[PDB]
C-alpha cells in the first residue's frame, strides 16, 4: 500500500476520498489489498461524477493487462464486476468503445479466464449483464478443441458453460451441444463430477417445458433439433452412462421428466429392458431402474413387471428366481420396494390407473397379489431385514386403509 495513504500506525487513513486514490495513479495497489479494495468497493457504490467514472473506466477496464490482473485477483475481481456494471449504466459517448473493448479483452483470454477461480466470475457477470449482442460474441470465443473438454470438467469453468446456457439464446451455443454429443467427448464429460452437471443443465434448457413457452416457434424447432442430436448420442452410450457414478443422474433426469417422455421410452427399451435384473444389482444403475418403474408408461411398465416376475430362468439347483435375488440384494432390494410402492399407490388411489383409453387397475392388482403372495410365503426370512420389514409394513398399511 502507498505510504501517502497511511497513518502513523501503519493503518490506512479514514477521511480518504475516491478522487485522491484515482488521481494518485496507485489504484492498482488498493485493488489487490483487502482493506484497500473494501474502501474502493464502498466508494464505487456512491454517487460518481462523470470524471470519476471516466477514471475508473480507464484504470479498471481500460487496459488489458491491469484488467486481467484485477480480474484474476481475489479482491480485484469484485471491483472489476462493479465497474462493468457502472459502465453499462453510463450511456455517454464512449459507451460503445468501452463495451467492445471489454469483449475484446475477455475474448482474447477466454480460456485462461474461464479456468481461473476469480476471472470466471467476471465472465459470468459479463454474460448476463452486457448487451446481448456483445455477450453473444463472448460465447463465440470459447475454444472448439480439447480445451473445451477441460472447460466443461473444470471446477470453476463448468459454471461459465452453465451460465451461457441460462442467459444466451441457443443459436450462439449450438456448437457446444454438437461438441458434447460427439461420442468420445460425451464419454469424458458425463463421467465427470462437474461435466455431468453441465450435460444436465443443457438437457434442461433444451426441454420444451413451462419455462420455454416464451420461445418463438422457430426457436422451438432449433431447440428440438439440438435436443434430438444430444438424445441420440446419450441413448447410444446409454448402458455406459446409466452405470456410471456421475452420469446415472443424467439418465435419471431424462427418465423422470414427462416433457422428455419420448426419450424416456427409448432409454427404457434400448438400455434397461432385458437387463433389469443385472442393473438392479448395480450401485448406480439401480437408481435408474427405480426411476424407470416410477415413470414408465403403463404398457412399458407391464413389460418391466413381467420381466421381473417371469423373465429369468430360476437357478437350476436352488429354484431361486429374480424376485428372490432382488429382495435380499444390497441394491436390488430397493427396486422391489419401488415396485411394491407403485402397486399400493395404484390400488389406494394415490396413482392414476387410467392411461391409454383404459383403466389398468386390474394389472396393478395382479402385480400386487404377486408381491403379496411372495412376501407372505417368505415373511420369516424377510423380517430379518430392514427392507423386508418395510415391505411387510407397507402391505399391512394397505389392508388397514383397504
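Numbering follows the first chain given and starts at 1.
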{"query": "Stretch with the higher entry mean CA B-factor, where the candidates are 254-262 and 108-116", "finding": "108-116"}
{"query": "Higher-scoring stretch by recorded Cα B factor average, 162-170 or 184-192", "finding": "184-192"}
{"query": "Selection by C-alpha B-factor (highest) of 53, 351, 377, 369", "finding": "351"}
{"query": "Of the residues 145, 209, 324, 290, the one carrying the largest Cα B-factor as recorded", "finding": "145"}
{"query": "Residue 76 - Cα temperature factor, lowest/middle/highest third of chain", "finding": "middle"}
{"query": "Residue 205 by Cα B-factor - lowest, middle or highest third of the modelled chain", "finding": "lowest"}
{"query": "Ranked against its chain, the third holding the CA B-factor of residue 85", "finding": "lowest"}
{"query": "Lowest, middle or highest third - CA B-factor, residue 199", "finding": "lowest"}
{"query": "Residue 67 CA temperature factor, ranked by third within the chain", "finding": "middle"}
